[PDB]
Amino acid sequence: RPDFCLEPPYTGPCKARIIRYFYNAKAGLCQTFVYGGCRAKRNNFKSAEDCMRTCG
């Protein structure tokens, strides 16, 4: 898998309430997190399917 799949989820500093998906390598699956709408890192997907396709 790409090494960005190992990053902790990153909310960033902005105030939005956007549900995104990150890969949790210890758990071996994607989970949801709240992204704040700026400064997204790479481990940040718009669906579980894209997250698992990229990082599974």
Side-chain angles (χ1 to χ4, degrees):
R1 70 195 41 95
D3 282 350
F4 70 73
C5 306
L6 308 177
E7 301 170 345
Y10 187 72
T11 314
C14 286
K15 299 176 171 192
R17 289 185 291 259
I18 303 166
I19 297 279
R20 297 285 179 82
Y21 298 76
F22 76 101
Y23 183 73
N24 178 332
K26 171 86 201 62
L29 43 64
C30 296
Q31 290 181 279
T32 50
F33 74 110
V34 176
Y35 171 51
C38 68
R39 303 198 171 177
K41 289 195 183 313
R42 298 192 75 177
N43 194 8
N44 174 335
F45 299 93
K46 288 174 176 66
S47 69
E49 174 165 12
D50 197 18
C51 179
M52 287 303 293
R53 177 173 55 94
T54 304
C55 289

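Heavy atoms only: backbone and side chains are in, while hydrogens, waters and symmetry mates are out. Starting from 1, each residue takes its place in the sequence as its number.
With rounding to the nearest 0.5 Å, the separation of OH in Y21 from CG in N44 is 11.5 Å.
With sequence neighbours excluded, the residues that form a side-chain contact (heavy atoms from CB on, under 4.5 Å) with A16 are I18. Applying the side-chain hydrogen bond (donor to acceptor under 3.5 Å, both in side chains) rule to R17 yields no partners; only residues at least two apart in sequence or on another chain are considered.
Residue pairs meeting the ring pair (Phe, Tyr, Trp, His ring centres under 6.0 Å) criterion with at least one partner in residues 30-56, sequence neighbours excluded, are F22-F33. Pairs engaging residues 2-14 under the side-chain hydrogen bond (donor to acceptor under 3.5 Å, both in side chains) rule: none recorded [sequence neighbours left out]. Applying the salt bridge (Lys or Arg N to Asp or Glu O under 4.0 Å) test to every pair with at least one member in residues 19-43, sequence neighbours left out, gives no pairs at all.
Minimum interatomic distance between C14 and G36 (heavy atoms only, all atoms of both residues): CB-O, 2.9 Å.
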Let me have the donor-acceptor pairs involving side chains of residues 49-56, under 3.5 Å, with sequence neighbours excluded, atom names and distances please.
{"unit_1": "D50", "atom_1": "OD1", "unit_2": "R53", "atom_2": "NH2", "d": "2.6"}
{"unit_1": "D50", "atom_1": "OD1", "unit_2": "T54", "atom_2": "OG1", "d": "3.4"}
{"unit_1": "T54", "atom_1": "OG1", "unit_2": "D50", "atom_2": "O", "d": "3.0"}

